[PDB]
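S.K.: The structure under discussion is supplied below as structure tokens; questions concerning it will follow.
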Amino acid sequence: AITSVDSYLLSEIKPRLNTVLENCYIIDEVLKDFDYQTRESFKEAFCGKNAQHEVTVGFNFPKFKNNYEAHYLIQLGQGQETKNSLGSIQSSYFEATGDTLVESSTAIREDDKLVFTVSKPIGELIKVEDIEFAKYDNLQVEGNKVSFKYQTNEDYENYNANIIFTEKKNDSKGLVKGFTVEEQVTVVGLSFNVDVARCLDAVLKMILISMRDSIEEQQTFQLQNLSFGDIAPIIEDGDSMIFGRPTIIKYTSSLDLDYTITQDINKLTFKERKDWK
Amino acid sequence: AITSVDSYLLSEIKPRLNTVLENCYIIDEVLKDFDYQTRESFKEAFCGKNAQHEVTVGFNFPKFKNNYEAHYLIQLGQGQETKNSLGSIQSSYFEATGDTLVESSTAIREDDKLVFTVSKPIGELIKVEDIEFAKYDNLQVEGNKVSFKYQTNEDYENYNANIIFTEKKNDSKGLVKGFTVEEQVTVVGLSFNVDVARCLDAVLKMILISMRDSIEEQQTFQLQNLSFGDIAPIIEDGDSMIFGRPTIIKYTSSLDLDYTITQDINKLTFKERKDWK
Amino acid sequence: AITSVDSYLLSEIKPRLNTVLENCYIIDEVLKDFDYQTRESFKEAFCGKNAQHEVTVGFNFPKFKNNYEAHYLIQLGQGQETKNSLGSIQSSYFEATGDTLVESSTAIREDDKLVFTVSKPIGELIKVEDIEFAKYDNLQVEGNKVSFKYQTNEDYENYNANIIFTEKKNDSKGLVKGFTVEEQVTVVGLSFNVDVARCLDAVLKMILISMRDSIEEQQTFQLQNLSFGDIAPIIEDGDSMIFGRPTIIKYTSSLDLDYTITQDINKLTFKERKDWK
Amino acid sequence: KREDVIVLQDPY
Amino acid sequence: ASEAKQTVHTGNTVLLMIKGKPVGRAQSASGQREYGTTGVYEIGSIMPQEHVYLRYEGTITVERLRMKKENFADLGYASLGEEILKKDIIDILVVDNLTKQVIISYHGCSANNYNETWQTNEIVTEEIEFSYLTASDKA
Amino acid sequence: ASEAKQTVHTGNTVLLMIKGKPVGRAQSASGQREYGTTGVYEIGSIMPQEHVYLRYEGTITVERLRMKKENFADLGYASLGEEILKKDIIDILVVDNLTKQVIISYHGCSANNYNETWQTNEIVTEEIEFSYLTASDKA
Amino acid sequence: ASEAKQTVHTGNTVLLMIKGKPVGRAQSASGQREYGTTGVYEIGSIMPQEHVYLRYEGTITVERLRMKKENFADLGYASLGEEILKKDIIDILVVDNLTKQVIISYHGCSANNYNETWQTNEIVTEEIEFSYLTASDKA
Amino acid sequence: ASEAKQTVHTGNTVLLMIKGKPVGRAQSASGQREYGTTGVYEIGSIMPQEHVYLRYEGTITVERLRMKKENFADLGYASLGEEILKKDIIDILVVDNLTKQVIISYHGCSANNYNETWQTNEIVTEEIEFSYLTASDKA
Amino acid sequence: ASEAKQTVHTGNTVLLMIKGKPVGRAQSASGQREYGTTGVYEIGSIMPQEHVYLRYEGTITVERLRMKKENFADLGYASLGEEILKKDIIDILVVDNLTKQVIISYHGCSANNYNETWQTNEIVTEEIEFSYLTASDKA
Amino acid sequence: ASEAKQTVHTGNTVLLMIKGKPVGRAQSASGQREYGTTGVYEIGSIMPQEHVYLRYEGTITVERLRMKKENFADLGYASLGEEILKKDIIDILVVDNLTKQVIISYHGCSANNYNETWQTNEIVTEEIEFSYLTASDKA
Amino acid sequence: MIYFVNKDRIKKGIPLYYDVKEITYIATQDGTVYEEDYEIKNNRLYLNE
């Protein structure tokens, strides 16, 4: 697909940041190496459900004033194409497949089959969690349902699973045409307190490490590489300075389009014609 | 873990600097190559218990005035990730282990065992100083105690040892996920006297050499590499100039998180089911 | 040891510069390639015992006015660590050894031995000049004296020698821990006369070539490497310009500390203990 | 200079 | 956005597992394989008439940073001395990190050589090479 | 402006096709060919009198990024184990991307070796080499 | 100003011609030549007494960007398959671009090997090597 | 912060010791090891049936800056001339710098070759290689 | 200032002459020489007892930019074809440029091989190698 | 400050002397040495039982800038032609520059080969290699 | 000033950037916000859920 690393990072960082900040022992583990007073002051101010201060995330160049006490500024950077395929063919498909998804589901009995229901039509099934079927189990997929023989499996009549699958758009042939790009985004934790900037740096590094395992950047946005700048005053001529430490996140990812092929051939036919010269 | 090289350096330098400055013959050895008058003036001013002047250490950008006669300014620099593991698996553990520790202890008799007591639960024992036990000695560890058979060892009933060990957090499985970073910190000895700046440079180099043997940067913060700047005026438009010579300390270290695994499997079970086709 | 290249250079250059300038035919040889009038004017002004002008040497940033007619400004530069040892063990010693020394001495008869007396306790004897002893000569060293059998050597009863040796500090074991550094110092010959600057450049290059053979930079400060800048006005807005041509002297040297080991073991002992199981 | 960056309550 | 229709494996996507433990700090794995394909020639043409497979061979080579604990020597998979004679064959699995699903199995690995390099500006490196009886994948 | 009188093929201009499917993410193809040309010499001169062709040989080598699906192993063209003995020869076509017109055909390909490299800062790479019976072009 | 008393050939100064057509987009030509010079030795001294010429050998190697038309395969000079057996020897001329005057002739060329490399960030490259019976220049 | 659960050895973490003295200014140590693993084949399949260990071999190579005193020649471990015939085997220990605990022992070392390089812009380098009878670790 | 007590030869200081003409645009000359020094060994010691000289060998290799006139082929010193059989041995002199004084003579040169490289961004290069019967200097 | 307890030799610290004259402008010296260490094996174990020394060998190689006077050829140590047969063995000493004290002696040197390279942007280089009967140091 | 309002900010109140003495205008996509539906305490803004 076409991709937007900045909007991915914003969407991914915001919930993760919230869920760490609402959970005191995570911060208590992340900041174990800092000075005791720095740790306790940060945990008192920003952390837990009762926290009176708050962190914020957003893109650069807003028209309004931000929470300069603690704010992650996201800042889309450079990139370049790095590797190309022969014919620019990144892949080919017989059935137009959408995004990868993971969904929780439960088995139910139906007509002496077990079935799992999924919210969308299954374009491909990658994994039913914790199950490997035998041929006897007569595994079949149909529409948005996975179906599974009941006879030997009655103990599992309400078994709970996670389905990893991917959507289908439509039944069509085509070529995925495109290339790989290596692209940079900068993130900086702004604070007018230097110890807050240093803690926001630690929290962001933890978040990015945790992010490396996510399906989003396992399937796309691969090879996350991190670089770190000096701590410096970002703005120097207010009533106080604003400090930050930049980090650069670099990703390798595919830019591509679905070139559908309308041509289809369903019968050869043969004829002999005679040359009398 | 997540780590903070700047706070490590501050915590490590301050006590070492104090303990050198309170000990005259150490300075007399460090400064043996300097001019006699430079050496004696520095030793008279800053050195020994009666020293009327003092050195100081702290981070950059304080809001107050510093001891510009002699001050080590610590200044967190750049870094970049350098080496990654397959799957980002830095290690794996069956029991969540804390920091490495070294503690002095003495043997005591208890119920015809010798035991050493340690302040914290022993997650792993690395070394009992100057002892290698045989199987006959029935070495066992339990909780925060090391225990050792009395029968043949009665002469050692009050033996004094150092225990090198590491804490345990909890009994849980997981993967240490992370990567290696190479990171820089700058340190500069500010003085309005150039000969004091040159002596502070010598003392800092001695301190860093001594630091290379510490457990902190043997286990973490490995491959200390030093670079040195020119001596120059840091500030030039007071009633006097302030001079310093920067040094850059570069360290290689691991950034990682404990991804605990809750899944555990404690019995396989087998069944045969018959296919009548 | 810890070392100070700038103070070494000042201490080494000043006497050598004086001893060349008091010796006319040396300058007459050094300046043989210059224009006749340049050579004779320099030799008339600065050279010989009657010289009314004088050259001077000192570090940069003095608070007073200098002899801008001819002045060598010494200016401590950059450096970086270049090569490390395994375990940082630069060496090891059984007896704490000081600096290397060379001293003139004469033999004397004492109790039918010849002896040479040295000003300091001999930690190690490297060479007695122009002598190689046989086993029959019963060479022995004791304290600050070297002793040598008289019987066959009576003709040498007043022989004059140079002893190359090194001090001992004390009888102790340890490890020399440290690393190698490559470090730069700049030197510039300031003069308001351009032909004087060019002659000061020639004299300095001669001095550094002569310095390469000295024990100081044979044992330490090895691999002297020279670079040369353009001739340019150092200061441009007086009643006259001040000119100079920089040279950069680069040295490779060891930074290290004596880590003494107090542990000593002087007897193993063996015991058999019986296991009745 | 105006107090924009860090903003504190009025004294009463 | 995450798409399956194109995806490549990467150093972060793949676990290496031996005896059900992941190998920490593994730097590379190289799998090589050969069938001995021999061409058939005869009097009457210069062209190859046929190709035949005659001898299967393959190796797996692993480079790793030498940890202070759980080395290949401490894990027992490597051998320093005569105890090589007492090591049974082991199976090396390369596994998808997301799905925990086996990508390729190397069966019956047996050590050819083992190296350690100690160097002054670097982390210490283990490297080991195994011959194996076969490889397979299951899906 | 687009001219035919001069034009060169480029990585973007050429499709690689096997069994009527394009090979995605192929990084290179290398075709090599040898005729065994032997010179004839005789008593009476140092000069070669003639050259003769004695033995045709050729190989096609393909490097590819290891996809998560439709690998050479998943497509079945490669072999990891004894099932190499059950793979029939396949024909590899190099085809003009614009005209869909065959540039060169490699006929009767048979695998010599197969490699996979797993490395920590890189995408995983497949590489495979085939011996082939002949090559041809048609126009 | 243009002087003859010193001048060197350069890539722009020299045409390559085969059968009276210039070879477009040729990237290099490498001519190599060997006489088998053997030294004569005898009992009575370590010195060589004489040198003798015993076996002439030489090759011409040409690298070229693979055009969409008039390849060595399309021109017929190269061979992909058994039709190598039906190619007569050809003469390759290297010719001064200004004067159209023959610099060196390679006579009786016969193909040893033929390569094509298809790669993703590059123009496709032909390379071919011929054995030849002799070389000459005329002036 | 200092953690044991992950740690790697580094040039600063490891002492090299011979006869209970540390070797100053050692620049590298390289340990190599080989078992002669030979595959068993038979009529009836192309697959290897088994692997067997047949011949152990290993070497330790050390590079060092040539000190003015306590060289390998001055220490007596190296040999310049016929006195190599009078050197007994020596054991080389690689030891943890912090714990003073043996990481690996090379037993029965015997010198293969010894080099010195004298060069004009560099420190002089010793290098030595030993064959050894076995290696072991103890824990 | 010009001193004789130290001086080294340089590319500008040295003429190369053949048959009393200087070779224009010569880029390098490489002279190599070998005596076959063989060590003598016997039962009773591992030491070499003696060294003996058994076979002298040497070559002179010259690289040159291919001029439009007075090439080695045009000068007749090189040979492209069978006319190598009609070239007498020649003596190659390396001569001091200032004093016109012979530095070293290579006597009885006889051509081993001759190369020309035609390339698109470069000047054309000749290279030739001769075996020679002896070398000498006179002073 | 000057310390003996650590010191390394460097290009400036060491004189090279032949027949009591220092060799000017020597660029490198390389000393190499080999003992023929052979491992003993037997039926009953894969381990080496013993190592034996069987054949000593060593060479000294010297690179030097070709001076206009006092070359190895002018000094007579090198040989260009048959006069190699009339050169007696020579001893090469490597000597401490400060103390004038012998660091290592190479005894019975005998020339293997001698090279000179003449090149257009460089100083001319001599290089020579000797086999020697033994080496020793004295202290 | 402008703020996005979310469940946390409803429960906890928006901490205002400025030390508001009084409000002259307050509005949302649905129009003006009436004074029964907002309150300021301790420089926090509380809104109707």
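Lettering and numbering for the structure tokens are positional, with chains as A, B, ... in the shown order, residues counted from 1 in each chain, and ligands counted from 1 in the shown order.
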Tell me, as a PyMOL selection string, which residues lie within 9 Å of residue A:137, counting only C-alpha atoms; anything in the same chain fewer than 2 positions away does not count.

M.R.: chain A and resi 133-135+139+148-153

S.K.: Can you list, as JSON, numbers by chain, every protein, DNA or RNA residue that comes within 12 Å of stretch 10-26 of chain K when you count only C-alpha atoms, leaving out same-chain residues fewer than 6 positions away?

M.R.: {"A": [49, 50, 51, 52, 53, 54, 55, 64, 65, 66, 67, 68, 69], "D": [3, 4, 5, 6, 7, 8, 9, 10, 11], "K": [1, 2, 3, 4, 32, 33, 34, 35, 37, 38, 39, 40, 41, 42, 43, 44, 45, 46, 47, 48, 49]}

S.K.: Kindly determine which residues of chain G lie within 10 Å of chain E, considering only C-alpha atoms, and give the answer as a list in words.

M.R.: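 Residues of chain G within 10 Å of chain E, counting only C-alpha atoms: residues 81, 82 and 85 of chain G.
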
S.K.: As JSON, numbers by chain, which residues of stretch 79-156 of chain C does DSSP assign to strand (DSSP E)?

M.R.: {"C": [79, 80, 81, 82, 83, 89, 90, 91, 92, 93, 96, 97, 98, 99, 100, 101, 102, 103, 104, 105, 106, 107, 108, 109, 110, 113, 114, 115, 116, 117, 122, 123, 124, 125, 126, 127, 128, 140, 141, 142, 145, 146, 147, 148, 149]}

S.K.: For the residues selected in the previous step, produce a file with N, CA and C atoms as a short mmCIF file (atom, residue, chain, number, x, y, z; two decimals), in the first residue's frame.

M.R.:
```
data_model
loop_
_atom_site.label_atom_id
_atom_site.label_comp_id
_atom_site.auth_asym_id
_atom_site.auth_seq_id
_atom_site.Cartn_x
_atom_site.Cartn_y
_atom_site.Cartn_z
N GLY C 79 42.96 14.83 21.26
CA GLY C 79 43.48 13.47 21.21
C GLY C 79 42.36 12.46 21.31
N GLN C 80 42.70 11.20 21.05
CA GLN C 80 41.77 10.09 21.19
C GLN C 80 42.53 8.82 21.53
N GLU C 81 41.89 7.95 22.33
CA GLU C 81 42.44 6.62 22.54
C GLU C 81 42.35 5.77 21.28
N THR C 82 43.41 5.00 21.03
CA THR C 82 43.62 4.34 19.75
C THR C 82 43.75 2.83 19.86
N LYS C 83 44.52 2.31 20.82
CA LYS C 83 44.71 0.88 21.00
C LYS C 83 44.58 0.48 22.46
N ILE C 89 45.42 -4.62 30.48
CA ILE C 89 46.70 -4.87 31.14
C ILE C 89 47.80 -4.37 30.21
N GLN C 90 48.33 -3.18 30.50
CA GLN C 90 49.45 -2.67 29.72
C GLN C 90 50.75 -3.38 30.06
N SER C 91 50.89 -3.85 31.29
CA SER C 91 52.07 -4.59 31.72
C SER C 91 51.80 -5.12 33.12
N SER C 92 52.78 -5.84 33.66
CA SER C 92 52.76 -6.24 35.05
C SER C 92 54.19 -6.23 35.59
N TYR C 93 54.30 -6.06 36.90
CA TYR C 93 55.59 -5.87 37.55
C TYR C 93 55.59 -6.58 38.89
N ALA C 96 57.77 -2.07 41.98
CA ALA C 96 57.28 -0.81 41.44
C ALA C 96 58.41 0.07 40.94
N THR C 97 58.46 0.30 39.62
CA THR C 97 59.58 0.91 38.94
C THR C 97 59.22 2.33 38.51
N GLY C 98 60.17 3.25 38.68
CA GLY C 98 59.93 4.66 38.42
C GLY C 98 60.27 5.07 37.00
N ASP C 99 60.81 6.28 36.84
CA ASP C 99 61.24 6.75 35.54
C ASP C 99 62.59 6.17 35.15
N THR C 100 62.84 6.13 33.84
CA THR C 100 64.16 5.79 33.32
C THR C 100 65.09 6.98 33.48
N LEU C 101 66.35 6.70 33.78
CA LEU C 101 67.35 7.72 34.03
C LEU C 101 68.65 7.32 33.36
N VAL C 102 69.44 8.32 32.97
CA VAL C 102 70.82 8.12 32.56
C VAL C 102 71.70 9.05 33.38
N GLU C 103 72.75 8.49 33.98
CA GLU C 103 73.65 9.25 34.83
C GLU C 103 75.10 8.89 34.52
N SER C 104 75.96 9.90 34.51
CA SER C 104 77.40 9.68 34.47
C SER C 104 77.91 9.21 35.82
N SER C 105 78.91 8.32 35.80
CA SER C 105 79.52 7.82 37.02
C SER C 105 80.94 7.35 36.72
N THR C 106 81.73 7.19 37.78
CA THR C 106 83.08 6.65 37.70
C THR C 106 83.21 5.43 38.59
N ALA C 107 83.97 4.45 38.14
CA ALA C 107 84.35 3.32 38.99
C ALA C 107 85.22 3.79 40.15
N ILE C 108 85.15 3.04 41.26
CA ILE C 108 86.12 3.14 42.35
C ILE C 108 86.38 1.74 42.88
N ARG C 109 87.59 1.53 43.38
CA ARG C 109 87.90 0.31 44.12
C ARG C 109 87.26 0.33 45.50
N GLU C 110 86.68 -0.81 45.89
CA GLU C 110 86.23 -1.00 47.27
C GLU C 110 86.30 -2.48 47.60
N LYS C 113 86.46 -5.05 45.00
CA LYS C 113 85.48 -4.91 43.93
C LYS C 113 85.61 -3.52 43.33
N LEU C 114 85.30 -3.40 42.05
CA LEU C 114 84.94 -2.12 41.46
C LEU C 114 83.46 -1.86 41.71
N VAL C 115 83.12 -0.60 42.00
CA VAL C 115 81.72 -0.20 42.16
C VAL C 115 81.45 1.10 41.43
N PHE C 116 80.24 1.22 40.87
CA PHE C 116 79.68 2.49 40.41
C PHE C 116 78.56 2.89 41.37
N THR C 117 78.57 4.14 41.80
CA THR C 117 77.52 4.67 42.66
C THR C 117 76.54 5.50 41.83
N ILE C 122 68.53 1.51 42.39
CA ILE C 122 68.39 0.97 41.05
C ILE C 122 67.25 -0.05 41.09
N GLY C 123 66.15 0.26 40.41
CA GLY C 123 65.06 -0.68 40.24
C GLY C 123 65.33 -1.70 39.16
N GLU C 124 65.96 -1.26 38.08
CA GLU C 124 66.48 -2.14 37.05
C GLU C 124 67.66 -1.46 36.38
N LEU C 125 68.69 -2.24 36.09
CA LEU C 125 69.82 -1.76 35.31
C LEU C 125 69.62 -2.19 33.86
N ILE C 126 69.62 -1.21 32.95
CA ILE C 126 69.43 -1.49 31.53
C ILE C 126 70.77 -1.65 30.83
N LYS C 127 71.71 -0.75 31.11
CA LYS C 127 73.00 -0.77 30.43
C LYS C 127 74.03 -0.03 31.28
N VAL C 128 75.20 -0.64 31.43
CA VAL C 128 76.42 0.07 31.80
C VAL C 128 77.12 0.36 30.48
N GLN C 140 76.90 -7.71 40.23
CA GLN C 140 75.80 -7.64 41.18
C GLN C 140 75.38 -6.20 41.36
N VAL C 141 74.09 -6.01 41.61
CA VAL C 141 73.51 -4.71 41.94
C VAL C 141 72.94 -4.80 43.35
N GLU C 142 73.09 -3.73 44.12
CA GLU C 142 72.61 -3.70 45.50
C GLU C 142 72.31 -2.26 45.87
N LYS C 145 73.91 0.97 44.24
CA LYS C 145 75.27 0.71 43.80
C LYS C 145 75.31 -0.48 42.86
N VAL C 146 76.18 -0.38 41.86
CA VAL C 146 76.53 -1.48 40.97
C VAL C 146 77.95 -1.89 41.34
N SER C 147 78.20 -3.19 41.39
CA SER C 147 79.46 -3.72 41.90
C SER C 147 80.01 -4.78 40.96
N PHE C 148 81.34 -4.83 40.88
CA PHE C 148 82.01 -5.41 39.73
C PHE C 148 83.38 -5.87 40.20
N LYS C 149 83.74 -7.12 39.89
CA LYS C 149 84.93 -7.74 40.47
C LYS C 149 86.23 -7.08 40.01
#
```

S.K.: I'd like to know which of J:122, J:115, J:133, J:48 is closest to residue H:35, using only C-alpha atoms.

M.R.: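 Closest candidate: J:48.
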
S.K.: Show me which bits of chain G are within 10 Å of chain A, counting only C-alpha atoms, as number ranges by chain.

M.R.: G: 118-121

S.K.: If you keep N, CA and C atoms, can you produce a file of those selected residues as a JSON list (two decimals), in the first residue's frame?

M.R.:
```
[["chain", "number", "residue", "atom", "x", "y", "z"],
["G", 118, "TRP", "N", 20.88, -10.08, -15.31],
["G", 118, "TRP", "CA", 19.67, -9.29, -15.12],
["G", 118, "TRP", "C", 19.63, -8.86, -13.66],
["G", 119, "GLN", "N", 19.62, -7.55, -13.42],
["G", 119, "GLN", "CA", 19.75, -7.01, -12.08],
["G", 119, "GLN", "C", 18.90, -5.76, -11.93],
["G", 120, "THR", "N", 18.47, -5.49, -10.69],
["G", 120, "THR", "CA", 17.30, -4.66, -10.45],
["G", 120, "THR", "C", 17.57, -3.16, -10.47],
["G", 121, "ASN", "N", 18.82, -2.72, -10.25],
["G", 121, "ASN", "CA", 19.14, -1.29, -10.27],
["G", 121, "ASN", "C", 20.09, -0.92, -11.39]]
```

S.K.: Considering only C-alpha atoms, extract the chain C residues located within 8 Å of chain B and return them as a list in words.

M.R.: residues 1, 2, 3, 4, 7, 76, 77, 78, 79, 80, 81, 177, 178, 256, 257, 273 and 275 of chain C

S.K.: Please compute the atom CA of residue B:71-atom CA of residue B:44 distance, one decimal, in Å.

M.R.: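 Straight-line distance from atom CA of residue B:71 to atom CA of residue B:44 works out to 17.4 Å.
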
S.K.: Could you list, as a list in words, every residue of chain A that has an atom within 7 Å of an atom of chain D, counting only C-alpha atoms?

M.R.: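 Close enough to count are residues 238, 239 and 240 of chain A.
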
S.K.: Provide the atom CA of residue C:160 to atom CA of residue C:111 distance in Å, to one decimal place.

M.R.: 19.1 Å

S.K.: Taking only stretch 24-90 of chain H into account, list the residues labelled alpha helix (DSSP H) by DSSP (computed from the backbone), as a ChimeraX atom specification.

M.R.: /H:72-75

S.K.: Residues of stretch 50-135 of chain J that have any atom at most 12 Å from an atom of stretch 110-114 of chain H: could you tabulate them with the shortest-distance atom pair and the distance in Å to one decimal, using only C-alpha atoms, ordered by chain and increasing number, as a tab-separated table?

M.R.:
```
residue	atom	partner	partner_atom	distance
J:50	CA	H:110	CA	9.5
J:51	CA	H:110	CA	7.1
J:52	CA	H:110	CA	8.8
J:53	CA	H:112	CA	8.7
J:54	CA	H:112	CA	10.8
J:55	CA	H:112	CA	10.8
J:56	CA	H:113	CA	9.7
J:57	CA	H:113	CA	9.4
J:58	CA	H:113	CA	9.3
J:59	CA	H:114	CA	11.3
J:135	CA	H:114	CA	11.6
```

S.K.: Export, as a PDB file, in the first residue's frame, the selected residues with N, CA and C atoms.

M.R.:
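After the write, out_32.pdb holds the following:
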```pdb
ATOM      1  N   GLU J  50      50.434 -36.300  20.978  1.00  0.00           N
ATOM      2  CA  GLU J  50      51.721 -35.642  21.127  1.00  0.00           C
ATOM      3  C   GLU J  50      51.915 -34.717  19.935  1.00  0.00           C
ATOM      4  N   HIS J  51      52.828 -33.756  20.082  1.00  0.00           N
ATOM      5  CA  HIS J  51      53.306 -32.955  18.962  1.00  0.00           C
ATOM      6  C   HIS J  51      54.820 -33.041  18.889  1.00  0.00           C
ATOM      7  N   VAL J  52      55.346 -33.072  17.666  1.00  0.00           N
ATOM      8  CA  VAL J  52      56.775 -33.200  17.414  1.00  0.00           C
ATOM      9  C   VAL J  52      57.222 -32.111  16.451  1.00  0.00           C
ATOM     10  N   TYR J  53      58.422 -31.580  16.677  1.00  0.00           N
ATOM     11  CA  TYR J  53      59.044 -30.616  15.774  1.00  0.00           C
ATOM     12  C   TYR J  53      59.932 -31.358  14.779  1.00  0.00           C
ATOM     13  N   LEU J  54      59.788 -31.039  13.490  1.00  0.00           N
ATOM     14  CA  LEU J  54      60.401 -31.848  12.440  1.00  0.00           C
ATOM     15  C   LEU J  54      61.252 -31.064  11.446  1.00  0.00           C
ATOM     16  N   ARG J  55      60.960 -29.785  11.220  1.00  0.00           N
ATOM     17  CA  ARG J  55      61.677 -29.041  10.183  1.00  0.00           C
ATOM     18  C   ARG J  55      61.575 -27.555  10.490  1.00  0.00           C
ATOM     19  N   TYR J  56      62.706 -26.940  10.825  1.00  0.00           N
ATOM     20  CA  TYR J  56      62.780 -25.499  11.014  1.00  0.00           C
ATOM     21  C   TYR J  56      62.884 -24.774   9.677  1.00  0.00           C
ATOM     22  N   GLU J  57      62.148 -23.671   9.555  1.00  0.00           N
ATOM     23  CA  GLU J  57      62.222 -22.804   8.390  1.00  0.00           C
ATOM     24  C   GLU J  57      61.953 -21.367   8.808  1.00  0.00           C
ATOM     25  N   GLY J  58      62.594 -20.425   8.119  1.00  0.00           N
ATOM     26  CA  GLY J  58      62.349 -19.017   8.378  1.00  0.00           C
ATOM     27  C   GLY J  58      62.873 -18.106   7.289  1.00  0.00           C
ATOM     28  N   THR J  59      62.274 -16.922   7.143  1.00  0.00           N
ATOM     29  CA  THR J  59      62.716 -15.935   6.166  1.00  0.00           C
ATOM     30  C   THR J  59      62.671 -14.535   6.762  1.00  0.00           C
ATOM     31  N   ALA J 135      68.005 -17.870  13.964  1.00  0.00           N
ATOM     32  CA  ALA J 135      67.890 -16.570  14.603  1.00  0.00           C
ATOM     33  C   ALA J 135      68.144 -16.709  16.095  1.00  0.00           C
TER      34      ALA J 135
END
```

S.K.: Please identify all polymer residues within 8 Å of residue F:117, counting only C-alpha atoms, omitting same-chain residues fewer than 5 positions from it, and present them as a list in words.

M.R.: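 Once the adjacent positions are removed, what remains is residues 28, 29, 30 and 31 of chain E; 124, 125 and 126 of chain F.
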
S.K.: Take the selection from the previous step and output its residues with N, CA and C atoms, as a PDB file, in the first residue's frame.

M.R.:
```pdb
ATOM      1  N   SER E  28      23.822 -14.318  13.154  1.00  0.00           N
ATOM      2  CA  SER E  28      23.419 -14.787  11.836  1.00  0.00           C
ATOM      3  C   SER E  28      23.214 -16.291  11.870  1.00  0.00           C
ATOM      4  N   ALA E  29      22.423 -16.777  10.921  1.00  0.00           N
ATOM      5  CA  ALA E  29      22.342 -18.195  10.604  1.00  0.00           C
ATOM      6  C   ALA E  29      22.426 -18.338   9.095  1.00  0.00           C
ATOM      7  N   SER E  30      23.261 -19.262   8.627  1.00  0.00           N
ATOM      8  CA  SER E  30      23.450 -19.506   7.202  1.00  0.00           C
ATOM      9  C   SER E  30      23.223 -20.975   6.897  1.00  0.00           C
ATOM     10  N   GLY E  31      22.204 -21.265   6.093  1.00  0.00           N
ATOM     11  CA  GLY E  31      21.884 -22.620   5.679  1.00  0.00           C
ATOM     12  C   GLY E  31      22.256 -22.825   4.220  1.00  0.00           C
TER      13      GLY E  31
ATOM     14  N   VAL F 124      15.809 -11.354   4.784  1.00  0.00           N
ATOM     15  CA  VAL F 124      16.289 -12.699   4.492  1.00  0.00           C
ATOM     16  C   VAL F 124      16.370 -12.894   2.984  1.00  0.00           C
ATOM     17  N   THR F 125      17.410 -13.597   2.531  1.00  0.00           N
ATOM     18  CA  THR F 125      17.686 -13.795   1.113  1.00  0.00           C
ATOM     19  C   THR F 125      17.639 -15.279   0.772  1.00  0.00           C
ATOM     20  N   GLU F 126      16.820 -15.629  -0.220  1.00  0.00           N
ATOM     21  CA  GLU F 126      16.959 -16.878  -0.961  1.00  0.00           C
ATOM     22  C   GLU F 126      17.961 -16.754  -2.100  1.00  0.00           C
TER      23      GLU F 126
END
```

S.K.: Hey, what's within 8 Å of stretch 92-109 of chain I if we count only C-alpha atoms and toss same-chain stuff fewer than 2 positions away? As number ranges by chain, please?

M.R.: I: 12-19, 60, 89-90, 111, 130-138

S.K.: Separation of atom CA of residue C:260 and atom CA of residue H:74, in Å?

M.R.: 23.7 Å
